[PDB]
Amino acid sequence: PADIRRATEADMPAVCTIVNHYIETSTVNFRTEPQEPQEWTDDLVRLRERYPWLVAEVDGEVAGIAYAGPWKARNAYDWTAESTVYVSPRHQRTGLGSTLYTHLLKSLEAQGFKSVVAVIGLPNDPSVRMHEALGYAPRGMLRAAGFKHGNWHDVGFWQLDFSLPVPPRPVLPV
C-alpha cells in the first residue's frame, strides 16, 4: 500500500537524499553537484500551488517524488509543463512511479495544461519505458549533449499531449 499525496516541507530532506543519490550515481539527469534540502524546500513552497508536487509514502517513509514546473520562462509556454519523477532505489518497479505520474498528469490535465515534457538523459531504459507506458511520445534527442561520468550522453525529450482549444484559458492552480 502507498499514499500518493502532496509533498510537504517536512518531506524534502528525504526527497533530497533520494535525488542526490541519482545525481551521484546515474546519468538520467546531467547534474554533477548534489543539492541541499533548502533548495528543494524553497522550490516546493514557490511552485506547489501552481504545479503538482507529489510524494509516495510507504509505511510512513518517503519512497518517491514526482513534480512539475514550468518548461521555459516565456508567456507562450505557460501551458507547457516539465515533469520529473524519482523513486527510492529500494522501491523500484512496485508501481510507485506510475501511480505518482498518473496523479501528476491528471492534475495537470484538469488544471488546463497543453502538454508535459520529460527530459531524459540517455541511455535510461527504465525511465524511457515508464514514460512511454504512461503515454509520453519520443519527440527527439540531442546527441552527445552532456558530458557526465566520463562520457558523452545524448538527451531525449518525451512529451505527453493534452487537447486544448484555441485560445487556451489560463491554467488553474492545484
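Numbering starts at 1 and follows the sequence shown.
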#### Entry: 122 to 130 versus 35 to 43 - greater average Cα B-factor per the deposited record
122 to 130
### Query
Per the entry, where is the mean C-alpha temperature factor higher: 160 to 168 or 21 to 29?
160 to 168
### Query
Out of 52, 64, 146, 140, which shows the largest CA B-factor listed in the entry?
140
### Task
Divide the modelled residues of the chain into thirds by Cα B-factor and specify which third, lowest, middle or highest, holds residue 7.
lowest
### Query
In terms of the chain's CA B-factor thirds, is residue 73 lowest, middle or highest?
highest
## Note on the structure
residue 58: C-alpha B-factor third of its chain, per the entry, is the highest
